[PDB]
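First structure 1, then structure 2: two forms of the same chain, each alone, as structure tokens.
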Structure 1
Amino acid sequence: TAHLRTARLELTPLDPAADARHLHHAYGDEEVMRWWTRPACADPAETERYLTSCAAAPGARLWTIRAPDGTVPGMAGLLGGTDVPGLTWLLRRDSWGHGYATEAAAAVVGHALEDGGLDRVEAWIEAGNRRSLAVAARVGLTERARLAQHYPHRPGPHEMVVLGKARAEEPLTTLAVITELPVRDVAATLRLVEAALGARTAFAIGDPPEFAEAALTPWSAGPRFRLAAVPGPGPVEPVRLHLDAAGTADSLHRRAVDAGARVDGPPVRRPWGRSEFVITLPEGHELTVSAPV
């Protein structure tokens, strides 16, 4: 690995041993760890243990930010084991507002989209993380999507903004996938999902409705699916839909069971870190509802 040199910064490959004590001023800070995936580390020891772990991750490429006067404001770099290239940075309070994150982040992205021969980079910032959302924007990242997430050291889940930047954007891209479901009684299915999944009839044609759309959110666009009346008595071949939801599985589960829908049983925490339960329509279709917790 090489070193990143910026206007007034010197980004050098992370050295858990050498960098532990310096970077502990960030990792050890509760004010800084406030938005992180885990609680501030108890000691430079723990920070060493942690930093090592982060650096080990397949794909990881982390640098330690070296200020002009030696000082180490913090680190930046690409995350380990992510699929789609993830960014990450962090600074100690004492360096906030110096445009470091922006300068270091800028270096990492720039390097990644060139010498690192990558296609694009992504940054996951929590909804209220004002300071970090600013850096992202300043760096060239633009909101791509959003996702829920739960940090074990936290009371409840939270919002995550997927902000990214590409080498060259894809003119041809897909905006949504509205899968269809052939149901017996459209009007009846609509009422069920309205209740069980808090959906709302985006539109419907026919009297009674022969075809409709169920928006799973109150907005013009977003998660949703259509319905098609089955012209017959012959049982329908089930369709398996997976719904990424926000909130706690319980709250979702509860809503669904309270809705009088057919629930397979309490929510189960799968190995890929997601609690889920399935809702089965009378036609046989299966909808599994997954939440961070």
Structure 2
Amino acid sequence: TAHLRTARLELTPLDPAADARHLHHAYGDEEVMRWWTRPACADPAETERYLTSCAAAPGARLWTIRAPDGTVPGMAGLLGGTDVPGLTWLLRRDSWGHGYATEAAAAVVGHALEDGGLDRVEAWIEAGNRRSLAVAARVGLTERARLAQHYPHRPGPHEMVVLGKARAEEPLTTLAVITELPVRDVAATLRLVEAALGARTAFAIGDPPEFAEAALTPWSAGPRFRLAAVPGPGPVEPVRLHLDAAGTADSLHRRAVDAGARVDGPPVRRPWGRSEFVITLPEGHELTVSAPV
């Protein structure tokens, strides 16, 4: 545990009992916590309770931001318990619009990549937290992927954006993997997935189509797989695909069912945290739909 000083601020190792007082200014704020992993803190005493817990986290370097005018805008640091550098930050609704979070985060990052001896850092930010993704982008964190999450106090799951910055980026990197499913009737498989997985055909070659691409998203680039028509008169040999989704399991499940897809659900909860059900294509392929809940 060390100290960090920037061109304005001075980050100091968080002290639950000492900082719980100023920090509650953010943790007890609903508009600021309307973005955290749990609901806002009730009392500075509970905030204290929380704080001490976070520091406990193995390898959790957290600092209390101390602003240029004897004030404490908030917290910024690295989540411990991670097997790959996590970034955390939040300010009181007022310290907003000063570039504190950006400067404090950039500070923690800068430190982390060098003297901290990390090969890179990550920041998981919800899709709607524009103010946060803003901080992250300024700091040099770019989108590396995405994953669905679910906070217990939350009525439903949500989409997290995984942004990261490396000491030095890899010159080469695979942007995506598009797997091919040898299907008996492409034209039909497309109609199926378009309703069972809400996919859309990225493109269809042939009439009827003998090769196509199903975009599991409504956006140009993103998760998808291709469909290659096959002969026989044999069938094939099942391919297995795991689809990590966003949204409730049963919501998705209900989608699969309705579309008339052959399902091996309802959603069954699994010890690794997600709930799932398996769609089985006429040809035998098995698309496991996994969701946070």
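Throughout, rigid core stands for the largest set of C-alpha atoms superposing within 1.5 Å between the two forms. Structure 1 provides the reference sequence; residues are numbered from 1 along it.
Student: One rigid part pivots relative to another between structures 1 and 2; at which of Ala168, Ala221, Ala137, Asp29 is the hinge?
Tutor: Selected hinge residue: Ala168.
Student: Quick check on the domain motion between structures 1 and 2: what's the rotation angle of the smaller rigid part, to the nearest degree?
Tutor: About the larger part, the smaller one turns by 18 degrees.
Student: By how many angstrom is the Cα of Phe277 displaced between structures 1 and 2 when the rigid core is overlaid?
Tutor: Core-aligned C-alpha shift comes out at 4.6 Å.
Student: After superposing on the rigid core, how much does the Cα of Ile205 shift between structures 1 and 2, in Å?
Tutor: Reported C-alpha shift between structures 1 and 2: 10.8 Å at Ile205.
Student: State the core-superposed CA shift for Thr82 between structures 1 and 2, in Å to one decimal.
Tutor: Comparing the two forms, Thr82 shifts 1.2 Å at C-alpha.
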